[PDB]
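Inspection log for the structure reproduced underneath, given as structure tokens.
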Amino acid sequence: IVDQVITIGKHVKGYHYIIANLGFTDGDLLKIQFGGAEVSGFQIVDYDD
Amino acid sequence: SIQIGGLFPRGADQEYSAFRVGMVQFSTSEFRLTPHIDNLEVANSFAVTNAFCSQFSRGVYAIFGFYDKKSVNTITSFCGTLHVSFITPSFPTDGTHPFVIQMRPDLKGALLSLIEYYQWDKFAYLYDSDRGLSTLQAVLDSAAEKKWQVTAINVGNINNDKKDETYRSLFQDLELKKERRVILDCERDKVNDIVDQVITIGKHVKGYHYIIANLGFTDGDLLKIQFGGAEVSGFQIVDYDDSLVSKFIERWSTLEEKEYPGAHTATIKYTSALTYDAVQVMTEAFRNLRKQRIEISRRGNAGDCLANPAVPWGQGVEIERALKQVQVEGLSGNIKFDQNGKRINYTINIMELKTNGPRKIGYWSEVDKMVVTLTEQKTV
Amino acid sequence: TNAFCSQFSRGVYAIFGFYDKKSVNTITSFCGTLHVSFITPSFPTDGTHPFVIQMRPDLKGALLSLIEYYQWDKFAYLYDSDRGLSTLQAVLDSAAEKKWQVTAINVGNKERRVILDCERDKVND
Amino acid sequence: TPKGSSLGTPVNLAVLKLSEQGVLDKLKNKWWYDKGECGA
Ligand SMILES: *[C@@H]1O[C@H](CO)[C@@H](O)[C@H](O)[C@H]1NC(C)=O
């Protein structure tokens, strides 16, 4: 679905996406990173520990 | 039983597969071309020199190869001096260069004519240093006469380490200038990389226009930029509607992927197509020499290529004339050559990217310029 | 190739010569492979090529500083296609950066301010 | 504008256009008399 989002160019500024999953960094944040849109999600596994 | 030499880049496989397919297809009862293939890094002048010398010591009658902007002058000078015919898919040299048969049609005219067709005033031009700067000179020279404001940016200096950063910086700078029209003269890999970066920066949205200038319009992936909405135009050398092309498509798609690398595809890269058609042209050239009852044999070995004073071999002239007089039908359409080794009478499909898929909006001929072929909400 | 290999057969420790846009890659590649040093008055290479010592300094930065110095906004640029496109690529990229309007003409086949990048012979013509 | 800068001439022409098409005058009337505290 995110792939589709990037295809339709809805990742431009003024857009906000929230991924609800236990994973966040699990999926790819990189392709949608430079998009300009703001994305927020939550990760259960903290790599800091 | 004709000895021919060949030079291939270590990185491009499909061209070799298409070459082998050309060998099988165009082989005949009377004679069969015998290739001697050398895989090597193309941009290296030393490598090219040694390859050509090894092929010449075996006394091959003609050489099919690829060259790069760094390797080109070694080739033109060697073939010109030692009278050996060179047949290539590579970008045509601008000039008088002898003993070189360039399989690729000239892209400048179609590009400029297309720029005029969209009535573009100000546009951006991204040029790759390695493919040659000829077309840059073209669009600038024409921009001088046409009042065009042109921003020309060299994209070819990028490191393996830093890729996305340079393109993001560049398109950020072009976002600051807010320029909506981009022209890409680049190799297909760089075309796709830059495309991916554009998609990431989200500049494929409506209001933008892209022109991919190469004959590889369907080689590169248009699918990810298809639903985007920004109009993309390109140049297609191979028309898939034509029967010869379709037959080649069935044969190509039939092949086991393992035996011929990357052959299973329903679409073929244009360089490989030119390779195949080059095999055809060589075959027909030697058949032509056979029907003139000219002896194709060399009474002795050509010897060292560096021997001084240089010894040109005689028959090579006749070979060159033969290759240049060849007129054939092939994947690229009508195939004909002038004296310089350039293609003539050629035709290029002008294609626009549409929601359903790639379509043919028009066609271009050197004599005919740009030619258009003609192709809901209620109202109260 | 002939002359250089001739010098290599004679076992020279280093070579002093000239090159042109056509022959430069031959010298760079061969010096690079054979590890023999080349010393030249000619134009600097576009790259990091080894075993090449350029007696000539690169002119690009100086030129840009000069164009920036006269505060040129829009100007005209005449490049000799025979010598090289290096400085042209430079002034165009830096034009895209600096908001310059540049008219680039290939003389190798309107503004009052003209930059001539050419051999001294062409300038007179 | 700073002397010899790139912005000077185009902002100059911009000012020309704005004077000609009545933007400057309208703006003037907006900030002086129209936002005025007393009468006319
Ligand atoms: C020009 O192309 C046409 C096909 O469009 C062909 O019939 C003709 O022979 C060509 N002329 C040549 C090869 O001189």
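Quick note on naming: the chains in the structure tokens go A, B, ... in the order shown, residues restart at 1 in each chain, and ligands are numbered from 1 in order of appearance.
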Neighbours of ligand 1 within 7 Å, counting only C-alpha atoms and all ligand atoms, as a PyMOL selection string? chain B and resi 327+334+336+345
Need to verify the contact set: segment 28-45 of chain A, 10 Å, only C-alpha atoms, exclusion of same-chain residues closer than 4 positions in sequence. Can you return it as a PyMOL selection string? (chain A and resi 2-3+5-6+9-24+49) or (chain B and resi 164+168+196-203)
Writing out the chosen residues with C-alpha atoms as a PDB file, in the first residue's frame:
ATOM      1  CA  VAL A   2       2.904   2.356   0.774  1.00  0.00           C
ATOM      2  CA  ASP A   3       4.433   1.400  -2.578  1.00  0.00           C
ATOM      3  CA  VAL A   5       1.250   5.691  -2.143  1.00  0.00           C
ATOM      4  CA  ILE A   6       4.652   6.557  -3.566  1.00  0.00           C
ATOM      5  CA  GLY A   9       2.751  10.797  -5.369  1.00  0.00           C
ATOM      6  CA  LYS A  10       0.687  11.298  -2.234  1.00  0.00           C
ATOM      7  CA  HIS A  11       3.896  11.324  -0.169  1.00  0.00           C
ATOM      8  CA  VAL A  12       4.362  15.037  -0.924  1.00  0.00           C
ATOM      9  CA  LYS A  13       4.179  17.683   1.823  1.00  0.00           C
ATOM     10  CA  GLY A  14       0.769  18.320   3.361  1.00  0.00           C
ATOM     11  CA  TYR A  15       0.253  14.581   3.710  1.00  0.00           C
ATOM     12  CA  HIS A  16       0.596  12.533   6.885  1.00  0.00           C
ATOM     13  CA  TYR A  17       0.754   8.758   7.268  1.00  0.00           C
ATOM     14  CA  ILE A  18       0.495   6.636  10.392  1.00  0.00           C
ATOM     15  CA  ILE A  19       1.610   3.016  10.302  1.00  0.00           C
ATOM     16  CA  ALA A  20      -0.032   0.994  13.039  1.00  0.00           C
ATOM     17  CA  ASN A  21       2.014  -2.143  13.506  1.00  0.00           C
ATOM     18  CA  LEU A  22       4.417  -3.519  16.072  1.00  0.00           C
ATOM     19  CA  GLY A  23       7.095  -2.989  13.442  1.00  0.00           C
ATOM     20  CA  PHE A  24       8.164   0.336  11.966  1.00  0.00           C
ATOM     21  CA  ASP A  49      18.905  -2.306  24.552  1.00  0.00           C
TER      22      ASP A  49
ATOM     23  CA  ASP B 164      20.797   9.459  -3.906  1.00  0.00           C
ATOM     24  CA  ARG B 168      18.368  14.869  -4.271  1.00  0.00           C
ATOM     25  CA  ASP B 196      13.868   6.065  -8.862  1.00  0.00           C
ATOM     26  CA  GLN B 197      15.315   9.161  -7.238  1.00  0.00           C
ATOM     27  CA  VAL B 198      12.688  11.357  -8.902  1.00  0.00           C
ATOM     28  CA  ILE B 199       9.953   9.062  -7.630  1.00  0.00           C
ATOM     29  CA  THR B 200      11.444   9.340  -4.147  1.00  0.00           C
ATOM     30  CA  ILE B 201      11.502  13.155  -4.397  1.00  0.00           C
ATOM     31  CA  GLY B 202       7.990  12.856  -5.831  1.00  0.00           C
ATOM     32  CA  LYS B 203       8.605  15.007  -8.904  1.00  0.00           C
TER      33      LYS B 203
END
Atom CA of residue 238 of chain B and atom CA of residue 216 of chain B, how far apart in Å? 9.0 Å
Taking only C-alpha atoms into account, which residues of chain C are within 10 Å of chain B, as a ChimeraX atom specification? /C:1-3,5-6,21-34,47,76,79,81,85,89-90,92-97,99-107,109-110
Rounded to one decimal in Å, what is the spacing between atom CA of residue 54 of chain C and atom CA of residue 160 of chain B?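 So the two atoms, atom CA of residue 54 of chain C and atom CA of residue 160 of chain B, lie 26.9 Å apart.
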Return the single residue from C:78, C:91, C:39, C:123 that is closest to residue 56 of chain C, with distances computed using only C-alpha atoms.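 Selected residue with least distance to residue 56 of chain C: C:39.
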Taking the DSSP assignment computed from this structure's backbone, write out as a ChimeraX atom specification all residues of segment 152-360 of chain B that belong to strand (DSSP E or B). /B:152-154,181-185,209-213,216,231-236,328-330,333-335,337,343,347-353,358-360
Taking the DSSP assignment computed from this structure's backbone, write out as a tab-separated table (two decimals) with C-alpha atoms, in the first residue's frame all residues of chain D that belong to alpha helix (DSSP H).
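So result-v9.tsv came out as:
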chain	number	residue	atom	x	y	z
D	8	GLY	CA	18.23	44.70	-9.05
D	9	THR	CA	16.99	44.89	-12.64
D	10	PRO	CA	14.22	42.28	-12.39
D	11	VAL	CA	12.83	43.78	-9.18
D	12	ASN	CA	13.05	47.12	-10.96
D	13	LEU	CA	10.88	45.81	-13.82
D	14	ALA	CA	8.54	44.27	-11.24
D	15	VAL	CA	8.11	47.72	-9.68
D	16	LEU	CA	7.39	49.08	-13.15
D	17	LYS	CA	4.64	46.54	-13.78
D	18	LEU	CA	3.12	47.11	-10.34
D	19	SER	CA	2.99	50.86	-10.94
D	20	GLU	CA	1.44	50.41	-14.39
D	23	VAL	CA	-1.10	47.54	-7.72
D	24	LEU	CA	0.99	50.20	-5.98
D	25	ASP	CA	-1.86	52.70	-6.09
D	26	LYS	CA	-4.46	50.25	-4.82
D	27	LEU	CA	-2.13	49.12	-2.04
D	28	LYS	CA	-1.51	52.77	-1.16
D	29	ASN	CA	-5.24	53.44	-0.94
Applying 9 Å and only C-alpha atoms, which residues near residue 41 of chain C remain after dropping the ones on its own chain fewer than 6 positions away? List them as a CSV table (one decimal) with C-alpha atoms, in the first residue's frame.
chain,number,residue,atom,x,y,z
C,16,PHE,CA,57.8,14.1,-22.1
C,17,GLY,CA,55.0,14.8,-24.6
C,18,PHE,CA,51.8,16.5,-25.8
C,19,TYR,CA,48.3,15.1,-26.4
C,54,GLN,CA,50.6,18.0,-15.6
C,55,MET,CA,52.9,20.9,-15.9
C,56,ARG,CA,49.8,23.1,-16.6
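In this structure, atom CA of residue 29 of chain B sits 26.1 Å away from atom CA of residue 88 of chain B.
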Contacts from chain D to chain C, 10 Å maximum, only C-alpha atoms: show me the residue list as a list in words.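 Taking only C-alpha atoms into account, residues 3, 4, 5, 6 and 7 of chain D sit within 10 Å of chain C.
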Keeping only C-alpha atoms, write the selected residues as a short mmCIF file (atom, residue, chain, number, x, y, z; two decimals), in the first residue's frame.
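Just written: selection_25.cif:
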data_model
loop_
_atom_site.label_atom_id
_atom_site.label_comp_id
_atom_site.auth_asym_id
_atom_site.auth_seq_id
_atom_site.Cartn_x
_atom_site.Cartn_y
_atom_site.Cartn_z
CA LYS D 3 25.48 47.10 -6.23
CA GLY D 4 25.99 44.68 -9.11
CA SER D 5 23.58 42.14 -7.65
CA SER D 6 21.39 39.93 -9.82
CA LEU D 7 18.06 40.99 -8.28
#
Would you kindly return, as a VMD selection string, each protein, DNA or RNA residue with an atom no farther than 10 Å from any atom of residue 86 of chain C, considering only C-alpha atoms and excluding same-chain residues fewer than 5 positions away? chain C and resid 43 to 46 60 79 91
